[PDB]
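For reference, the chain that follows is the form deposited in one PDB entry, supplied as structure tokens.
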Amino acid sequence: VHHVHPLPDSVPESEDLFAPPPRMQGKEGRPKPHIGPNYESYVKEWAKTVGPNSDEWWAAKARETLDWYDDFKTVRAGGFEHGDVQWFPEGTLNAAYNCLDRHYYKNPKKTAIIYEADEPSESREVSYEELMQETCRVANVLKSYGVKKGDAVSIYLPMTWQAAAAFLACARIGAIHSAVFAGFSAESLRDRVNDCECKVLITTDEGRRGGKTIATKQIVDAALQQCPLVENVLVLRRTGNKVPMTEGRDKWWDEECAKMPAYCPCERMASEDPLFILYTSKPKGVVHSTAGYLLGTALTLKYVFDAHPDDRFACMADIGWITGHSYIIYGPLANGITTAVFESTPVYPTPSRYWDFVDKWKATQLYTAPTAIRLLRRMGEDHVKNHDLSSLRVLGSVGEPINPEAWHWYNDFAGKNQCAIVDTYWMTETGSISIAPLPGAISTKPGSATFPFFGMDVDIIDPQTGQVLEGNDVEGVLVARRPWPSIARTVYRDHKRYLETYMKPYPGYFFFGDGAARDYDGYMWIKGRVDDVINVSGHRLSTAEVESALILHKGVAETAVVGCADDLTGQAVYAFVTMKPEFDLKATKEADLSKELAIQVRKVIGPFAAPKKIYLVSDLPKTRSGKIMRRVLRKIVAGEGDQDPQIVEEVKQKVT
């Protein structure tokens, strides 16, 4: 009789525990896991990484994992209270040296980047030699513009391989890159370009994604009319179609680079020099420093994905997201392996694209978001069932709770029940993965992140008392007790917002902003955003709970639940429901559908959790990174409609 339940699943709990499969046991010729074979092997190593004697392990990992120009003396200092976190502060290094040069010197012809172009036939392999040469040319171009160590440089590039060169060119010279999702509006770009006070911007003439053109240079020209500090724009000729160019201000990437040497020295950076600003969707400029962030991405890539030297790591996200920062560029390249830069969408030209890609390149790990998974689940198993896919050993999911229904579709079809599924919980502000199974050690539960990564010591606080809940079978809000190497160091020029958002809600701790539970086995369950909890008559419902109930119903593709004021219950659950496209809405009475959905939620969660209203909609408002914008739904249901962008107009109409 447990207080904490797993996310609703149609599989009974007793048949729902997944030991590392043979591909993660060193069988069938696969590499032996770095950590394994059981929970105890994870604990035995994890315990070295937290607490009063963890400096020894961190100093050793720091020294074994990165090439340093100057050694460090102190392992860590500072803390949450004033936001003065420090790691390896006396050391010096360069992120570009660690992600390129050192691997170029060992095996220059090894592939750094699998460039999977929007059109499959234009894909190709980019070696470490080629990536480094292009990075050095661009660095030299930036130096020629007068960019100095510590200057900010904005990046508005789509998912072409040169995006990594632009990141690493900034890192190479100590410039602070600020990457913005290609396709963000001129207004969103202007706000982020203005906030970081950059003088140089790197972009493309046009982007291509899913057979559509992103008019990047045209968007840039609109933003720059309200960005008085930008003096130089470097324009990558991605499509070659005619775009406006401003004399003096704008230069073609290829023509600037052709004038420059193909080597450029590395600036020697202090461990705590800023490496980048990454605005989250007022715009919050999240700042990461250099050594701790790089170390955290290198270690998490290695251990969470059990990366080995010949691996071909395929993270399918966008470099505008922290996920692309940490697990397309920095993490994999720091480890010297091969990494995918995926330019297209999961369904272009067909929903078989991910799997055609895996079998073409023999990818050994695939990493994507629940939104993509549920998208492909909606599209039917014909596009996946007849692929090989046996080069994969680890399938990861990042960005939101993964409903057990989607977890199982991932495990059965993408993994053919032979891959480990790593559900990776973290945030832009954590730098690298915070809670995840180690795939060779941890028996997984559908929808659970399982146990904290090395250096992470997390706790559950009761938000109603402000006090920590000791033990297992407890739920509340997730906090961390101690800094870890890759935590964000500030919000750019707004340190007060940093302290107030993360350090002040529960003094002594870092506050993630997510509801969480630790079950009787000690497994962590991230249940959704705290802001998204719905309090019905005292019962605190999480989004992941109710949404996982609704998706147990045949035909349901995706849902989102938001609360709203109710005189009788305090708050009422309103559900927005997306059905598969072939589901006959005329042959099933809408009222009949919502009655069955209500009964379904009442069975697996309780009599109080049924939605007061259900809205059938064709899609849900989502961000570029695939987050469902529940805050948008909540505000429309609250009648505060004034406070795929076309999807908002549809919701506002169905609710009225």
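Take the two forms, find the largest set of C-alpha atoms that superpose within 1.5 Å, and that set is the rigid core. The first residue of the shown sequence is 1; numbering continues from there.
Unshown form deposited in another entry; subsequent notes refer to it.
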Among 465, 241, 537, 121, the C-alpha that moves by 2 angstroms or more between this form and the one not shown, rigid core fixed, is that of 537
CA of residue 492, rigid core aligned, shift of 2 Å or more between this form and the one not shown: no
Any chance the CA of residue 452 moves 2 angstroms or more between this form and the one not shown, core superposed? no
With both forms fit on the core, is the shift of the CA atom of residue 86 between this form and the one not shown 2 Å or larger? no
So the Cα-Cα distance between residue 530 and residue 525 shifts by 3 Å or more in the other form; is it shorter or longer than what we see here? closer
Closer or farther: how do the Cα atoms of residue 426 and residue 545 compare in the other form versus the shown form, where the change is at least 3 Å? farther
